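Below is one structure; the comments refer to it alone.
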Amino acid sequence: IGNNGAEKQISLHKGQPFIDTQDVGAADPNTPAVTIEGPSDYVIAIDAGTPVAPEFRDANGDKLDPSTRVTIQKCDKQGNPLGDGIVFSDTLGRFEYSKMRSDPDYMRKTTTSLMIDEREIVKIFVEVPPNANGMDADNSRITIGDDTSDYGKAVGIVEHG
Amino acid sequence: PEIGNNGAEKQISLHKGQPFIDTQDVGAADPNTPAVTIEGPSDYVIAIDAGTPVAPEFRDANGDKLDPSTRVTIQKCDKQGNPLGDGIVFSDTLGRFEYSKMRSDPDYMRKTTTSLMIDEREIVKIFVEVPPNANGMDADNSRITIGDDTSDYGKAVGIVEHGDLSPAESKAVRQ
Amino acid sequence: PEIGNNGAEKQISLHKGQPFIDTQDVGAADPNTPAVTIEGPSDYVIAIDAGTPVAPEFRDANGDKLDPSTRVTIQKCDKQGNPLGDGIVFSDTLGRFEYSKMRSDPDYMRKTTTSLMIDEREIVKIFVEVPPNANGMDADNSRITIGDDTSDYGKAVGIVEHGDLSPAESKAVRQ
Amino acid sequence: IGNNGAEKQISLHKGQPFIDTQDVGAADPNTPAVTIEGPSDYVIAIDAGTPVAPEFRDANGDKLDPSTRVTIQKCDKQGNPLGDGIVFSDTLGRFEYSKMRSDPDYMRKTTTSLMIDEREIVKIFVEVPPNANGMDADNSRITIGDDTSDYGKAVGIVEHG
Amino acid sequence: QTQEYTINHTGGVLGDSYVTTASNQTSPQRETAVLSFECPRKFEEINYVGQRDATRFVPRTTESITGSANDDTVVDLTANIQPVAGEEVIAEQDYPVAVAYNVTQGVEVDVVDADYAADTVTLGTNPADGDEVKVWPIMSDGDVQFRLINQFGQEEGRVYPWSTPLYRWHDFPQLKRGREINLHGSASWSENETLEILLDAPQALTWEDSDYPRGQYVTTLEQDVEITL
Amino acid sequence: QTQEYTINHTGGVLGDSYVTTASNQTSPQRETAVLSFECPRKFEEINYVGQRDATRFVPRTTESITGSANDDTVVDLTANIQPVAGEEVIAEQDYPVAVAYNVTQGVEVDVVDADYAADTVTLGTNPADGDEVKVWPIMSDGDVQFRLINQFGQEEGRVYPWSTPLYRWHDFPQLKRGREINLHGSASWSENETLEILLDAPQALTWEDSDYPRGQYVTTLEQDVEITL
């Protein structure tokens, strides 16, 4: 086999150990709907032109109010957010989930670069307006990076050792 | 009559109706099996470049697409159905193809990640991960295609007869 | 507060709802009239480059597109509604736009042929040739647009106040 | 006004003086459906990548058998054809008249260059299979060259004097 | 230091206080102020650049009818109408041109098509006599613009002289890079200074109805900005 | 000297004599010869190049049913089926996947949709009992190839070893440059030498039916070639 480089290319999603999610109600900014953590002795890298793709849903299987807001955000250890390093302060509308991942035009990228040291956190806060339906974690999905595609980018990973 | 002595490195593509390929049905929550198996014919050498298009178009028995959270993984193997971590390519999700325009459009055309080679007796497998409480795969309607002959876009699968070239063995050992 | 001193050469576009533009209905087999008239405002200078997009989107009174054999001709004029042969641009047919994606798509985006300039008091006309036994134009639903602000694709109409620049008169005489 | 160059860009069509058409029946190759002639003291030029666009129709307002063939062809004076200089030996099918002129992909170009001296002829022969409907000149249309467009080309014209 | 955020007609990074919404006026055609954003205490400054920062603004209006015995299945309107980026078809659009809701039957109401030439629209259902209805069609024939306020209701300048029509705003397919909308002008302000987004059009737009299915807030704005922390 | 022409399954530059068509065979699966072109007396030679010369080949088959009192509105088939380049919808395709014609009612018959998974298709009309019907659905599950003949029915070589499936041939959207089909191989021949276009598939294709609405000749081939005068 040809020895592949250490800077491997991957894409993230729900069914992984170093990710987690939890249901959300309404007007709950502080609660992270989704949490990510750096595994041990690995280093993750997310470039600025990295695609982004949330697919939050309602319990009944419906999309939420597009006035809803999503914010990816880096955090210091101990679940502590930071102003710098934030990326993708976007709205829940304006994706076209049908053609979101497939069409590069409707594909949304981040704003600035990002890095995840071995023990660090990235959260995904959500702001829903009141008198609206809550998020259901069973149906929601996240993806970032577009492996196996010509357009978009892929999340870099490398073993620290 | 006259025919041109076409080069040995012939530009080809793979699909279901071939002898050195096979498939079989799949249920749910069922990673270990190759839904589709490929094998190197005798005294031939196949080459798949890194920018090679890829195109699984699986179906359900009732004639539907499956849960796009489903995952597909192409993976090289040593002999004996023995997979290997290095050399893996195309770890993709079953969604986000738009099968209607998939091969048709170079945009939708999803390529591989890294190069690949198949020595005369080797295996490449296509594992599938379906979430539970979902419908199974049906081999009658499923299909794989890789490589893009017959288009200025995309790449094509290289093939060569092992007996023609002298450094064919050198490239085989090179992998 | 703070605002940037934007350059005098402002990037703009033309449409129906403006003061220095006008339109009026048209019948059939009826070349001579401007379906749409444009005039240079006072002490301003408009500039239309050669790669400027163009976009007539005329209609019928019942809300339909007209016979695509219909012809549209933009044409510069001397003062007094006096047309001129040189300086004409955009002699096109009314068909072959696909109004749905026309401005939207740079492909469909039909540009002009040659450059153009409008001194402070000058006229540009839009003549239309409809074949007989056809429906007439309706000004309520018709529209013109030229120039492409608000897009990395296409060009935009330049404008400048004549009183600001000293060689504005030189460029006006240059035409 | 800015003095435009002598090499003016134009597009051809039915309603012109130096063009003509006449109805056609079935299995009538020698009859030109359409005739073109060079005006006096002008020179026309048609490049190799020039678009082409026939829109022949039936008397009842229908498209004909796509197995029908169309051939543009240059001719010496006295209505005399030539083998060399021919361009666009195409079929009547495979145009998608709806999206033919608008889409550059479905737009069809010629094969080789071409030139028309001041007194020369270009004909458009048509081969219809028998037991088919004839051509109706009232509904048919021709266009070559795409003025006012980014893609395609335009027919050059120049005054000889 | 610098980031690239989105800002919305509610809350967001601000907190629902230093936003304010408002409707327009109908009989006197006047350059009303439909929205405004005041830079909060905590930020240092805000910037705004054209041909750099994307945008979205989906407005609508409201109208009502009265049920009758006759099978209407069609309603006129008081607003010029067109499809969303052009098409005769419904459910292909980036969003519905129009929405309808029946008070009695607390359900959505689909749409078949419309003429899109006169102030017309079709209804797929058959409303009953006496039933109350509401409809939130597309809006047209307007102008939008920006201006800055130095803490006092006291203008100092204008971002860009020439207004852009909301008509055209609906016409372009939104949310496509290359085809994305990008106004002109390069503004910047600081603490407690306000940007007002202004409207000039006849028809009465809306922000809240409390009986609209596709989300709570009917209309929306979503603008890109640059912030210094 | 050299030109770039198209050649068709009838006449064209040849003259309907030095063409010949033929059907395939069903029970013995065999590499039949469905078409062949013999270089006439007048030409000097013909060339053929892959990745240079475009192509089109629309085949079909024929089947029949029997009218019944029961409202069928659907028929099974003996051929694998799919849409033209993929789509559930009819009249959006580059061409109809299937055509139907009623002998009694000498009229076309539209198509609504089909399953496209099993050998199935819908009919929009309601055929009567006893009425005779014909249908010309798409064809699938085949292979196509080329070979040369030196005036005698005596092969000397083969253009390209590996066959391309007609299945895939229908799958790609045709007649688009960049997406246009271009086989491999570089052949050339001279006077009275023949190129045979060969078929390996079960289902019985057709060339002529004399009762097909959309043109006389049902199927078609249209290939680009280069000729030396």
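Naming works like this for the structure tokens: A, B, ... for the chains as they're shown, residue 1 at the start of each chain, ligands 1 onward in shown order.
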- Residue list (helix (DSSP H, G or I), DSSP) for chain C, as a PyMOL selection string: chain C and resi 168-174
Output of the above residues as a PDB file, in the first residue's frame, restricted to N, CA and C atoms:
ATOM      1  N   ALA C 168     -14.436  66.477 -17.508  1.00  0.00           N
ATOM      2  CA  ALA C 168     -15.759  65.975 -17.861  1.00  0.00           C
ATOM      3  C   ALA C 168     -16.210  66.536 -19.203  1.00  0.00           C
ATOM      4  N   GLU C 169     -15.954  67.824 -19.445  1.00  0.00           N
ATOM      5  CA  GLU C 169     -16.276  68.414 -20.741  1.00  0.00           C
ATOM      6  C   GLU C 169     -15.436  67.797 -21.852  1.00  0.00           C
ATOM      7  N   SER C 170     -14.168  67.495 -21.565  1.00  0.00           N
ATOM      8  CA  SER C 170     -13.309  66.861 -22.559  1.00  0.00           C
ATOM      9  C   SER C 170     -13.856  65.497 -22.956  1.00  0.00           C
ATOM     10  N   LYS C 171     -14.248  64.692 -21.969  1.00  0.00           N
ATOM     11  CA  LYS C 171     -14.828  63.388 -22.266  1.00  0.00           C
ATOM     12  C   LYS C 171     -16.171  63.520 -22.972  1.00  0.00           C
ATOM     13  N   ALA C 172     -16.953  64.547 -22.629  1.00  0.00           N
ATOM     14  CA  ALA C 172     -18.226  64.773 -23.302  1.00  0.00           C
ATOM     15  C   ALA C 172     -18.016  65.066 -24.782  1.00  0.00           C
ATOM     16  N   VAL C 173     -17.054  65.938 -25.097  1.00  0.00           N
ATOM     17  CA  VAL C 173     -16.728  66.212 -26.495  1.00  0.00           C
ATOM     18  C   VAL C 173     -16.151  64.964 -27.158  1.00  0.00           C
ATOM     19  N   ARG C 174     -15.414  64.149 -26.398  1.00  0.00           N
ATOM     20  CA  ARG C 174     -14.851  62.920 -26.946  1.00  0.00           C
ATOM     21  C   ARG C 174     -15.949  61.945 -27.351  1.00  0.00           C
TER      22      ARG C 174
END
- Task: Starting from chain E, keep only residues with some atom at most 9 Å from an atom of chain C, counting only C-alpha atoms, and report them as a PyMOL selection string.
- Result: chain E and resi 50-51+85-87+115-118+148-150+156-160+162+165+171-173+177-190+193-194
Since we have the selection now, will you write its residues out, keeping N, CA and C atoms, as a JSON list (two decimals), in the first residue's frame?
[["chain", "number", "residue", "atom", "x", "y", "z"],
["E", 50, "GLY", "N", -19.94, 47.21, 1.28],
["E", 50, "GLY", "CA", -20.59, 46.68, 0.12],
["E", 50, "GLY", "C", -19.63, 45.91, -0.76],
["E", 51, "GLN", "N", -20.18, 44.98, -1.53],
["E", 51, "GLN", "CA", -19.41, 44.01, -2.30],
["E", 51, "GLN", "C", -18.52, 43.14, -1.42],
["E", 85, "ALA", "N", -38.34, 34.92, -7.84],
["E", 85, "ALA", "CA", -37.34, 34.79, -8.89],
["E", 85, "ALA", "C", -37.92, 34.34, -10.22],
["E", 86, "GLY", "N", -39.24, 34.36, -10.37],
["E", 86, "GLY", "CA", -39.85, 33.97, -11.62],
["E", 86, "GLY", "C", -40.05, 32.47, -11.67],
["E", 87, "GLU", "N", -41.30, 32.03, -11.72],
["E", 87, "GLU", "CA", -41.74, 30.75, -12.26],
["E", 87, "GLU", "C", -43.24, 30.67, -12.09],
["E", 115, "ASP", "N", -51.95, 34.31, -11.87],
["E", 115, "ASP", "CA", -51.68, 34.99, -13.13],
["E", 115, "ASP", "C", -50.34, 35.70, -13.09],
["E", 116, "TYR", "N", -50.00, 36.28, -11.95],
["E", 116, "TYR", "CA", -48.75, 37.01, -11.74],
["E", 116, "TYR", "C", -48.61, 38.22, -12.66],
["E", 117, "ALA", "N", -49.71, 38.66, -13.28],
["E", 117, "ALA", "CA", -49.72, 39.80, -14.17],
["E", 117, "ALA", "C", -50.55, 40.93, -13.58],
["E", 118, "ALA", "N", -51.80, 40.64, -13.25],
["E", 118, "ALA", "CA", -52.62, 41.50, -12.43],
["E", 118, "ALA", "C", -52.52, 41.04, -10.98],
["E", 148, "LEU", "N", -27.62, 56.57, 8.94],
["E", 148, "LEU", "CA", -26.99, 56.54, 10.25],
["E", 148, "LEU", "C", -27.48, 57.67, 11.14],
["E", 149, "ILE", "N", -27.50, 57.38, 12.44],
["E", 149, "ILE", "CA", -28.01, 58.28, 13.46],
["E", 149, "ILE", "C", -27.01, 58.32, 14.60],
["E", 150, "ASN", "N", -26.67, 59.53, 15.04],
["E", 150, "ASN", "CA", -25.66, 59.75, 16.07],
["E", 150, "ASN", "C", -26.31, 59.97, 17.44],
["E", 156, "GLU", "N", -26.46, 62.28, 10.09],
["E", 156, "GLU", "CA", -25.21, 62.86, 9.63],
["E", 156, "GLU", "C", -24.88, 62.51, 8.19],
["E", 157, "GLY", "N", -25.37, 61.40, 7.69],
["E", 157, "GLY", "CA", -25.05, 61.02, 6.34],
["E", 157, "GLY", "C", -25.91, 59.87, 5.88],
["E", 158, "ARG", "N", -25.57, 59.38, 4.70],
["E", 158, "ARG", "CA", -26.33, 58.34, 4.03],
["E", 158, "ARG", "C", -25.36, 57.37, 3.39],
["E", 159, "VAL", "N", -25.62, 56.08, 3.57],
["E", 159, "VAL", "CA", -24.66, 55.05, 3.16],
["E", 159, "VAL", "C", -24.44, 55.12, 1.67],
["E", 160, "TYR", "N", -25.53, 55.15, 0.91],
["E", 160, "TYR", "CA", -25.49, 55.07, -0.50],
["E", 160, "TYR", "C", -26.65, 55.93, -1.02],
["E", 162, "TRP", "N", -28.50, 56.20, -3.88],
["E", 162, "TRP", "CA", -29.57, 55.72, -4.74],
["E", 162, "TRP", "C", -30.22, 54.49, -4.14],
["E", 165, "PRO", "N", -34.58, 48.81, -5.53],
["E", 165, "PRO", "CA", -35.98, 48.39, -5.36],
["E", 165, "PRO", "C", -36.11, 46.97, -4.81],
["E", 171, "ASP", "N", -36.53, 39.61, -7.16],
["E", 171, "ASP", "CA", -36.30, 39.01, -8.47],
["E", 171, "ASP", "C", -35.04, 38.16, -8.50],
["E", 172, "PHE", "N", -33.95, 38.66, -7.94],
["E", 172, "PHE", "CA", -32.73, 37.86, -7.99],
["E", 172, "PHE", "C", -32.88, 36.63, -7.09],
["E", 173, "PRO", "N", -32.43, 35.45, -7.53],
["E", 173, "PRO", "CA", -32.33, 34.33, -6.59],
["E", 173, "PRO", "C", -31.30, 34.65, -5.53],
["E", 177, "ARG", "N", -23.69, 32.57, -4.01],
["E", 177, "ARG", "CA", -22.49, 33.38, -4.21],
["E", 177, "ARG", "C", -22.25, 33.55, -5.70],
["E", 178, "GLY", "N", -21.82, 34.75, -6.07],
["E", 178, "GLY", "CA", -21.73, 35.16, -7.46],
["E", 178, "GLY", "C", -23.00, 35.84, -7.90],
["E", 179, "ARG", "N", -24.14, 35.25, -7.53],
["E", 179, "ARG", "CA", -25.44, 35.86, -7.72],
["E", 179, "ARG", "C", -25.97, 36.50, -6.44],
["E", 180, "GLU", "N", -25.23, 36.40, -5.34],
["E", 180, "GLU", "CA", -25.65, 37.02, -4.10],
["E", 180, "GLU", "C", -25.73, 38.53, -4.26],
["E", 181, "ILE", "N", -26.63, 39.13, -3.52],
["E", 181, "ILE", "CA", -26.77, 40.58, -3.54],
["E", 181, "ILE", "C", -25.71, 41.20, -2.65],
["E", 182, "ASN", "N", -25.18, 42.33, -3.10],
["E", 182, "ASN", "CA", -24.20, 43.08, -2.34],
["E", 182, "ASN", "C", -24.40, 44.55, -2.69],
["E", 183, "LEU", "N", -25.00, 45.31, -1.79],
["E", 183, "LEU", "CA", -25.18, 46.73, -2.01],
["E", 183, "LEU", "C", -23.82, 47.43, -2.01],
["E", 184, "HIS", "N", -23.86, 48.74, -2.18],
["E", 184, "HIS", "CA", -22.69, 49.60, -2.15],
["E", 184, "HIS", "C", -22.69, 50.44, -0.88],
["E", 185, "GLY", "N", -21.54, 51.02, -0.60],
["E", 185, "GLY", "CA", -21.35, 51.89, 0.54],
["E", 185, "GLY", "C", -20.51, 51.23, 1.61],
["E", 186, "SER", "N", -19.78, 52.06, 2.36],
["E", 186, "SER", "CA", -18.85, 51.60, 3.39],
["E", 186, "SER", "C", -19.07, 52.45, 4.63],
["E", 187, "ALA", "N", -19.87, 51.94, 5.54],
["E", 187, "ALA", "CA", -20.26, 52.62, 6.76],
["E", 187, "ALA", "C", -19.55, 52.02, 7.97],
["E", 188, "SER", "N", -19.56, 52.78, 9.06],
["E", 188, "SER", "CA", -19.00, 52.31, 10.31],
["E", 188, "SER", "C", -19.50, 53.21, 11.43],
["E", 189, "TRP", "N", -19.77, 52.62, 12.59],
["E", 189, "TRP", "CA", -20.22, 53.39, 13.73],
["E", 189, "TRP", "C", -19.77, 52.73, 15.02],
["E", 190, "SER", "N", -20.18, 53.32, 16.13],
["E", 190, "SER", "CA", -19.66, 53.01, 17.45],
["E", 190, "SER", "C", -20.82, 53.00, 18.43],
["E", 193, "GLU", "N", -24.75, 54.36, 18.61],
["E", 193, "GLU", "CA", -25.09, 54.93, 17.32],
["E", 193, "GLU", "C", -25.88, 53.90, 16.53],
["E", 194, "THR", "N", -26.80, 54.38, 15.71],
["E", 194, "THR", "CA", -27.82, 53.54, 15.12],
["E", 194, "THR", "C", -27.71, 53.52, 13.60]]
- Item | Exercise: region 19-28 of chain B partners within 9 Å, only C-alpha atoms, chain neighbours under 2 positions left out, as a PyMOL selection string | chain B and resi 14-17+30-31+33-41+128-140
List as a tab-separated table every residue of chain F that is in contact with chain D, defined as an atom at most 12 Å from one of its atoms (using only C-alpha atoms), together with the nearest atom pair and the distance in Å rounded to one decimal, sorted by chain and then rising number.
residue	atom	partner	partner_atom	distance
F:1	CA	D:84	CA	7.0
F:2	CA	D:84	CA	8.5
F:3	CA	D:84	CA	8.2
F:4	CA	D:111	CA	7.2
F:5	CA	D:89	CA	5.8
F:6	CA	D:90	CA	6.2
F:7	CA	D:90	CA	8.9
F:8	CA	D:67	CA	7.7
F:9	CA	D:67	CA	8.6
F:10	CA	D:67	CA	8.2
F:11	CA	D:129	CA	9.0
F:12	CA	D:69	CA	7.5
F:13	CA	D:89	CA	9.8
F:15	CA	D:127	CA	11.5
F:16	CA	D:129	CA	11.0
F:54	CA	D:90	CA	11.9
F:55	CA	D:94	CA	10.9
F:56	CA	D:94	CA	9.1
F:57	CA	D:94	CA	11.4
F:58	CA	D:94	CA	11.4
F:92	CA	D:96	CA	11.5
F:93	CA	D:96	CA	10.9
F:94	CA	D:96	CA	8.1
F:95	CA	D:96	CA	10.0
F:173	CA	D:106	CA	11.5
F:174	CA	D:94	CA	8.9
F:175	CA	D:94	CA	6.8
F:176	CA	D:105	CA	6.0
F:177	CA	D:105	CA	6.7
F:178	CA	D:105	CA	9.0
F:179	CA	D:105	CA	9.8
F:180	CA	D:105	CA	10.4
F:210	CA	D:131	CA	9.7
F:211	CA	D:131	CA	11.6
F:212	CA	D:65	CA	11.3
F:213	CA	D:65	CA	9.7
F:214	CA	D:65	CA	7.2
F:215	CA	D:65	CA	4.8
F:216	CA	D:65	CA	7.2
F:217	CA	D:67	CA	7.6
F:218	CA	D:67	CA	9.6
F:219	CA	D:67	CA	9.5
F:220	CA	D:67	CA	7.5
F:221	CA	D:67	CA	9.0
F:222	CA	D:91	CA	8.1
F:223	CA	D:90	CA	10.3
F:224	CA	D:90	CA	9.5
F:225	CA	D:89	CA	11.1
F:226	CA	D:111	CA	11.6
F:227	CA	D:83	CA	11.6
F:228	CA	D:84	CA	10.8
F:229	CA	D:83	CA	7.6
- Note on the structure: For chain A, the closest of B:9, B:78, B:120, B:164 counting only C-alpha atoms is B:78
- Kindly determine which residues of chain A lie within 10 Å of chain B, considering only C-alpha atoms, and give the answer as a PyMOL selection string. chain A and resi 1-5+9-11+13-15+98-104+141+146-151
Export of the given selection (N, CA and C atoms) as a JSON list (two decimals), in the first residue's frame:
[["chain", "number", "residue", "atom", "x", "y", "z"],
["A", 1, "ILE", "N", 0.85, -1.18, 0.00],
["A", 1, "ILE", "CA", 0.00, 0.00, 0.00],
["A", 1, "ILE", "C", 0.89, 1.24, 0.00],
["A", 2, "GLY", "N", 0.40, 2.31, -0.62],
["A", 2, "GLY", "CA", 1.08, 3.59, -0.55],
["A", 2, "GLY", "C", 0.85, 4.23, 0.81],
["A", 3, "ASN", "N", 1.94, 4.60, 1.47],
["A", 3, "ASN", "CA", 1.88, 5.17, 2.81],
["A", 3, "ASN", "C", 1.18, 6.52, 2.76],
["A", 4, "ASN", "N", -0.05, 6.58, 3.28],
["A", 4, "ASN", "CA", -0.79, 7.83, 3.31],
["A", 4, "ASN", "C", -0.17, 8.80, 4.32],
["A", 5, "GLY", "N", -0.29, 10.09, 4.02],
["A", 5, "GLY", "CA", 0.25, 11.10, 4.90],
["A", 5, "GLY", "C", -0.46, 11.16, 6.23],
["A", 9, "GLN", "N", -7.64, 13.30, 6.04],
["A", 9, "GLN", "CA", -8.83, 14.09, 5.75],
["A", 9, "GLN", "C", -10.05, 13.32, 6.20],
["A", 10, "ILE", "N", -10.89, 13.96, 7.01],
["A", 10, "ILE", "CA", -12.09, 13.33, 7.55],
["A", 10, "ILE", "C", -13.22, 14.34, 7.55],
["A", 11, "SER", "N", -14.41, 13.83, 7.83],
["A", 11, "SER", "CA", -15.62, 14.62, 7.98],
["A", 11, "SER", "C", -16.34, 14.18, 9.23],
["A", 13, "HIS", "N", -19.65, 14.11, 12.07],
["A", 13, "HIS", "CA", -21.07, 13.80, 12.07],
["A", 13, "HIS", "C", -21.47, 13.38, 13.47],
["A", 14, "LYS", "N", -22.71, 12.90, 13.61],
["A", 14, "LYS", "CA", -23.27, 12.63, 14.92],
["A", 14, "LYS", "C", -22.67, 11.37, 15.53],
["A", 15, "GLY", "N", -22.67, 10.27, 14.79],
["A", 15, "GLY", "CA", -22.28, 8.99, 15.34],
["A", 15, "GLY", "C", -20.79, 8.83, 15.56],
["A", 98, "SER", "N", -32.38, 20.39, 1.03],
["A", 98, "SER", "CA", -32.45, 19.43, -0.06],
["A", 98, "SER", "C", -31.18, 19.48, -0.91],
["A", 99, "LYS", "N", -30.76, 20.69, -1.29],
["A", 99, "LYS", "CA", -29.62, 20.90, -2.18],
["A", 99, "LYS", "C", -28.43, 21.48, -1.44],
["A", 100, "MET", "N", -28.42, 21.38, -0.11],
["A", 100, "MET", "CA", -27.41, 22.06, 0.69],
["A", 100, "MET", "C", -26.04, 21.44, 0.50],
["A", 101, "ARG", "N", -25.91, 20.15, 0.79],
["A", 101, "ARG", "CA", -24.63, 19.48, 0.71],
["A", 101, "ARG", "C", -24.23, 19.18, -0.72],
["A", 102, "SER", "N", -25.21, 18.94, -1.58],
["A", 102, "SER", "CA", -24.93, 18.49, -2.93],
["A", 102, "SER", "C", -24.46, 19.65, -3.81],
["A", 103, "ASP", "N", -25.16, 20.77, -3.77],
["A", 103, "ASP", "CA", -24.80, 21.92, -4.59],
["A", 103, "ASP", "C", -23.71, 22.74, -3.91],
["A", 104, "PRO", "N", -22.56, 22.97, -4.54],
["A", 104, "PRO", "CA", -21.57, 23.88, -3.94],
["A", 104, "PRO", "C", -22.08, 25.30, -3.78],
["A", 141, "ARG", "N", -29.01, 16.41, 12.63],
["A", 141, "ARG", "CA", -27.71, 15.93, 12.20],
["A", 141, "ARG", "C", -26.81, 17.12, 11.91],
["A", 146, "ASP", "N", -16.34, 18.25, 3.63],
["A", 146, "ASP", "CA", -16.91, 17.46, 2.54],
["A", 146, "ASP", "C", -15.80, 16.55, 2.02],
["A", 147, "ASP", "N", -15.66, 15.39, 2.65],
["A", 147, "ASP", "CA", -14.78, 14.37, 2.13],
["A", 147, "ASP", "C", -15.27, 13.93, 0.76],
["A", 148, "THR", "N", -14.35, 13.35, -0.01],
["A", 148, "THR", "CA", -14.69, 12.64, -1.24],
["A", 148, "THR", "C", -15.38, 13.54, -2.25],
["A", 149, "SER", "N", -15.06, 14.82, -2.24],
["A", 149, "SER", "CA", -15.71, 15.77, -3.13],
["A", 149, "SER", "C", -14.67, 16.74, -3.67],
["A", 150, "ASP", "N", -14.95, 17.24, -4.87],
["A", 150, "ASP", "CA", -14.02, 18.14, -5.54],
["A", 150, "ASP", "C", -14.09, 19.53, -4.95],
["A", 151, "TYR", "N", -15.29, 20.00, -4.68],
["A", 151, "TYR", "CA", -15.50, 21.28, -4.05],
["A", 151, "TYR", "C", -15.50, 21.13, -2.54]]
- Rounded to one decimal in Å, what is the spacing between CA of residue 199 (chain F) and CA of residue 158 (chain B)?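 Atom-to-atom, CA of residue 199 (chain F) to CA of residue 158 (chain B), that is 25.2 Å.
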- DSSP strand (DSSP E or B) residues within region 114-149 of chain A, as a list in words: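 DSSP-assigned strand (DSSP E or B) residues in region 114-149 of chain A: residues 114, 115, 116, 121, 122, 123, 124, 125, 126, 127, 135, 142, 143 and 144 of chain A.
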- Determine, counting only C-alpha atoms, which protein, DNA and RNA residues have an atom within 7 Å of an atom of residue 159 (chain D); residues of the same chain fewer than 2 positions away are not included. Present the result as a PyMOL selection string. chain D and resi 41-43+161
